[PDB]
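> Sharing an experimental structure here, sequence included.
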Amino acid sequence: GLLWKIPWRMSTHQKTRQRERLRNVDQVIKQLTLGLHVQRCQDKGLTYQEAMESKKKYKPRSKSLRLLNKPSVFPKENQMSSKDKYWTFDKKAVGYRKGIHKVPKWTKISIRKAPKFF
Amino acid sequence: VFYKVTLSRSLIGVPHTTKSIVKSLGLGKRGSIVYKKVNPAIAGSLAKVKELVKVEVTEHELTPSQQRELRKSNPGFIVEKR
Amino acid sequence: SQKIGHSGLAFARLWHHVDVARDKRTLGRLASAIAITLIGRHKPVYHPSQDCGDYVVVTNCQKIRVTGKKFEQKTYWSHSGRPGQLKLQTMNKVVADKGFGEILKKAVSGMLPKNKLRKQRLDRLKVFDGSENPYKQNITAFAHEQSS
Amino acid sequence: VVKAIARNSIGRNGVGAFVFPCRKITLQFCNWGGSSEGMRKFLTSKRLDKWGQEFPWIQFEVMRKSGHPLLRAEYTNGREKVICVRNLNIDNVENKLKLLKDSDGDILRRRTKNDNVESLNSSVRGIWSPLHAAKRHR
Amino acid sequence: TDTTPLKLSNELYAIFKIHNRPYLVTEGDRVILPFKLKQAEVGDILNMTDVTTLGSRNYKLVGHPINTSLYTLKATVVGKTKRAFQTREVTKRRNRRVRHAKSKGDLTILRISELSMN
RNA sequence: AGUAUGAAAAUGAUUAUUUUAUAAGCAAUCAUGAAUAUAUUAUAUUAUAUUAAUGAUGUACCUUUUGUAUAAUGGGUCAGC
RNA sequence: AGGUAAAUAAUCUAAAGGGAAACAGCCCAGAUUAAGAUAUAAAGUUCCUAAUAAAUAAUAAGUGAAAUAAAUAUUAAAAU
RNA sequence: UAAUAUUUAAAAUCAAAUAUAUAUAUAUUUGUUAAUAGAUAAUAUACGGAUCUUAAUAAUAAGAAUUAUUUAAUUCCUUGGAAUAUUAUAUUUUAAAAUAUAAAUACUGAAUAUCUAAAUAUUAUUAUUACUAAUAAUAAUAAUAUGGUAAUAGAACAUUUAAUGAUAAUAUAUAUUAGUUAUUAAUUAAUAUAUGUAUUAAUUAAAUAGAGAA
Ligand SMILES: [Mg+2]
Ligand SMILES: [Mg+2]
Ligand SMILES: [Mg+2]
Ligand SMILES: [Mg+2]
Ligand SMILES: [Mg+2]
Ligand SMILES: [Mg+2]
Ligand SMILES: [Mg+2]
Ligand SMILES: [Mg+2]
Ligand SMILES: [Mg+2]
Ligand SMILES: [Mg+2]
Ligand SMILES: [Mg+2]
Ligand SMILES: [Mg+2]
Ligand SMILES: [Mg+2]
Ligand SMILES: [Mg+2]
Ligand SMILES: [Mg+2]
Ligand SMILES: [Mg+2]
Ligand SMILES: [Mg+2]
Ligand SMILES: [Mg+2]
Ligand SMILES: [Mg+2]
């Protein structure tokens, strides 16, 4: 019909970009957590520097942040597998897999955890 | 403590809920920088749009004027009137 | 300021020489390299609105390096306007007919920018299967290089 | 033998002294004519005096003519800008005057991308040569 | 930094940067800045406090703002005039209305009066 | 279908300047040599104007459409209405 | 089925710009006007064509190099 | 270690890494085949094209432009530092060796963002000018906003007529060319043609008030 010339693989450059994006997302989360921790420290009664130093850093309480922190639910880039950085689970593909770059707004969308065996 | 939150990706193409969230966050345009007090709610909000946003924790916030001043380039000259 | 001065030497066409016997670049790479020279992209005075490229003499083109089975299998094509008159010739066949020089030339042509200047640039490139050629005298040569 | 071929020197306005580019400004107006109201006001308002005080190297003529009001300005190079200040008010007229003063007389002209400097000095370093390059080509 | 061979030469060029825009000049040149200056008026003089590189035919001093002690490079403002007026015509491909986008940007003209070693 | 006047355009011939006989496509825009013309401050290493070297960019306009370079509608050009 | 009917989101409609060779709807990004120094997005970096250097493996078919063609067969390689 | 019959797996198992008490245990995370054939139609080969797979002897020199996993020299500790190596340069010493320096921020890439100026509107601060001065006009500073069909809203200009109306052949009107003012307009200069000269400037009132689209 109408030619949408989009390849089934990604170029190395694309892959690298994807990786970078993933890393950035992780970093954002990390930063958020750090901020929360330092706020907690300040509330308790410490300085900024002191808070930064502290061995026992506080985990976040809010559900979403906690979930993000868990690597079971939301892996970090170094943890993540090759097969999940550049492919998603498609319920109706051959091999039940599909290049992430096919997913509508893949540059914004985050999607790490494919199914366990698929 | 304060978050320095930047909109690093355009809202164009992003679902309207997410757009709304971003608007609430006080982020008007791409590349726009906001300094938000750190409380859990704000953090939660940021989490939702994490893929659009670049964040970093800082000691103190900055008023827009201050930010502008910081931005300004060095005019490599000193005028003398005669 | 910088552009002001005697600019005659800049826009002088140098003759370069490449001995394909003594060059280990494979065909395509070599062609690409030559293309740049022809265009004149190597010189800082280049501007796209100007043919300012140098002359390239290729010699010993018989010893050019081609990889894989391309000598046998790589097919050059030519079509008249007339349907059914598609000529498809293998590289070896072409070589037998015209020479390795032709091969090289084709590659260079392909490389080059597709505009008026192209043909001139192509013609600047002078290729010879063996060693001997009529340009031996005019290749650029310095006085300090004369130890040999 | 050495023979001289004639030439002349080129003036560089700012290198030694600096002559001020604008020389005369003629405020032209009309008593009758609503278009010339702002100009009239300007003429009235001691602003002109102030301007004169500020910039004594440039002279202000004040003509009376029946048409629209003008600010014809005369520059060192010879050229003359002329701005018709039809229906403007005092402040706008003043702004126009300022603009006129600021400009050198030179004609307007399209600049290309990044054409900044304009010299008549031979390059300090030479023009590149293929034979005198640090790196030979191949 | 031994700055004798710059001192001794007669021809000398400088690469000063106004707002990070580099301009490469000798004495007597006219630099056309693509903006309107408010600090300087006509007839004023600017001492350049950012000069990336001073150079003779064969030697060149360099550095991120090299000391004002070493050189004297001062430009006088000659003109504040605009570059010629243009009406680029903006429109789509089956829409009769047009948006005339006018353009008459402003220029400041300098003259490099002094360019010497100190 | 009044009388004067008429350097309004389309259209024809001719002359000048310039470009053009190895080059391919809305004929423009931007870059950019060269040639010519004018200029009573070109002092010039000058400024403007004209001009299809050369390079890059560039699917006419309207209508109607989910959508038009479309091989969908409409228009030979200009002047008046 | 470039089919049809609704659901959710985006874009197009009414959106120019960069990429996808060319491209309404894809990937990024929303043109007030310039200017062009600094960050860059998606995409790329032998030449055409703006920009590249590395590391470890595998491939010898031009497979492949921006639109992956199936069962199956042959040959090899690992693991038990 | 040969032959032997399956399987193409990190679930289990092993290895490595991260988080919890911590030289261990617990929990999580990652790591398991490749070629060839099968293969195919009609204007013309069809990765967009050139073309790309490397080699001693020799290059101040090429070594994938494919596929998979990565990096921004390589290794360790926690963006940094160190070491190692490489390249380049300088100086000394006998084409080498020693010392010091630099490079390691890959780069391109939009009309994106910033910077750099300009315009407009709004919000908040000003400064100057002039007797709803709590205003207006202009200029600053900070911020936000300025794609757009159907459509809504606001503001201007050209043309012609009516009311009021100086002026003048050195004037005017129209035309051509070159200037000027952020420029559908007007104005300046030169030139040509009228004309004893504006329904002229400006404010109102109105319109047979603007045409590449029938
Ligand atoms: Mg397509
Ligand atoms: Mg349409
Ligand atoms: Mg149109
Ligand atoms: Mg189209
Ligand atoms: Mg017709
Ligand atoms: Mg349908
Ligand atoms: Mg419609
Ligand atoms: Mg578009
Ligand atoms: Mg929209
Ligand atoms: Mg916009
Ligand atoms: Mg192939
Ligand atoms: Mg294919
Ligand atoms: Mg075919
Ligand atoms: Mg390709
Ligand atoms: Mg912008
Ligand atoms: Mg608008
Ligand atoms: Mg009508
Ligand atoms: Mg008409
Ligand atoms: Mg029209």
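Received it, and whenever you're ready, just let me know what you need. Numbers count the residues shown, from 1 in each chain, chains lettered A, B, ... in the order given. Ligands and ions are numbered 1, 2, ... in the order given.

> Residue E:117 contacts residue E:71, correct?
Yes. Counting by C-beta atoms under 8 Å, residue E:117 touches residue E:71, with 5.8 Å between them. Where you see a C-beta, it was placed from the backbone N, CA and C, and this is true even at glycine.

> shared neighbours of the two, anything?
Common contacts of residue E:117 and residue E:71, defined by C-beta atoms under 8 Å, 6 or more residues apart in numbering or on different chains, comprise residue E:54.

> Which residue comes closest to residue C:127 once chain neighbours are left out?
Leaving out its chain neighbours, the residue that sits closest to residue C:127 by C-beta to C-beta, 6 or more residues apart in numbering or on different chains is residue C:101, at 3.4 Å.

> which ones are touching residue C:39?
With contact set as C-beta under 8 Å, 6+ apart, residue C:39 has these partners: C:46, C:53, C:112, C:113, C:121.

> Same drill for residue E:117 and residue E:71, tell me which one is more crowded.
residue E:71 (23 against 17; other C-beta atoms under 10 Å in any protein chain shown).

> Now the strand or helix carrying residue E:88: buried residues?
Using DSSP states H and E, residue E:88 falls within strand E:86-90. Residues of strand E:86-90 classed as buried by neighbour count (16 or more other C-beta atoms under 10 Å in any protein chain shown): none.

> Following element in sequence after that strand, please.
strand E:99-103.

> how much space is there between the most centrally placed residue in chain B and residue A:28?
Among the residues of chain B, residue B:33 comes closest to the average C-alpha position under C-alpha atoms, centre = their mean, at 1.5 Å. Separation of residue B:33 from residue A:28 (C-beta to C-beta, to the nearest Å) stands at 15 Å.

> From chain A, how far out is the residue lying closest to residue E:87 once chain neighbours are set aside?
Spatial nearest neighbour of residue E:87, excluding adjacent residues (C-beta to C-beta, 6+ apart): residue E:100 at 5.0 Å. Distance, residue E:100 to chain A, using C-beta to the nearest C-beta, to the nearest Å: 36 Å.

> Find the nearest non-adjacent residue to residue B:81, please.
Of all residues not flanking residue B:81 in the chain, residue E:44 sits nearest, at 5.5 Å (C-beta to C-beta, 6+ apart).

> just the strands in chain B please.
B:2-7, B:33-37, B:53-58, B:78-80 (DSSP state E).

> meant to ask about chain D
Taking DSSP E, the strands of chain D run over residues D:22-29, D:59-64, D:70-75, D:80-84, D:117-118.

> List the strands paired with the third one, with their directions.
The one in question is strand D:70-75. strand D:22-29 (antiparallel), strand D:80-84 (antiparallel) (DSSP bridges).

> picking that back up, and for the strand holding residue E:88, what are the contacting residues?
In contact with strand E:86-90 (C-beta under 8 Å, 6+ apart) are residues D:110, E:98, E:99, E:100, E:101, E:102, E:103, E:104.

> Please apply the same query to stretch E:65-72.
Applying C-beta under 8 Å, 6+ apart, the external contacts of stretch E:65-72 come out as B:76, E:1, E:3, E:14, E:47, E:49-52, E:54, E:61, E:114-118.

> Just give me the closest of the residues you listed to residue A:56.
The nearest member of the contacts of stretch E:65-72 to residue A:56, counting by C-beta to C-beta, is residue E:50 at 48.7 Å.

> wait, what's in contact with the closest one?
Counting by C-beta under 8 Å, 6+ apart, residue E:50 touches B:74, B:76, B:77, E:16, E:17, E:18, E:65.

> same check, this time on residue C:112
C:35, C:38, C:39, C:118, C:121, C:122.

> Phi first, then psi, for the most centrally placed residue in chain D.
A centroid search over chain D (C-alpha atoms, centre = their mean) returns residue D:104, at 1.6 Å, as the residue closest to the centre. Here is the backbone geometry of residue D:104 (degrees, to the nearest 10): phi -80, psi 160.

> cool, residue C:116 as well?
Dihedral angles of residue C:116 (phi, psi; degrees, to the nearest 10) stand at phi -50, psi -50.

> With mean neighbour count added, can I get the strands paired with strand D:70-75 in TSV?
Below are those laid out as TSV (neighbours: other C-beta atoms under 10 Å in any protein chain shown):
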stretch	mean neighbour count
strand D:22-29	19
strand D:80-84	15
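
> which stretch among these comes nearest RNA strand G?
Between RNA strand G and the strands paired with strand D:70-75, the tightest spacing by C-beta to the nearest atom of the strand is seen for strand D:80-84, at 20.2 Å.

> can you list contacts of the closest one?
Strand D:80-84 has contacts (C-beta under 8 Å, 6+ apart) with D:68-75, D:96, D:99-100, D:103, D:105.

> next one: stretch A:30-37
Contacts to stretch A:30-37, defined as C-beta under 8 Å, 6+ apart, come from residues A:51, A:54, A:57-60, A:65, A:69, B:1, B:3, B:38, B:40, B:43, B:46-47, B:50, B:55-57.

> ok, now with 6 Å
Contact with stretch A:30-37 is made by A:57, A:58, A:60, B:1, B:3, B:38, B:43, B:46, B:55, B:56, B:57, as judged by C-beta atoms under 6 Å, 6 or more residues apart in numbering or on different chains.
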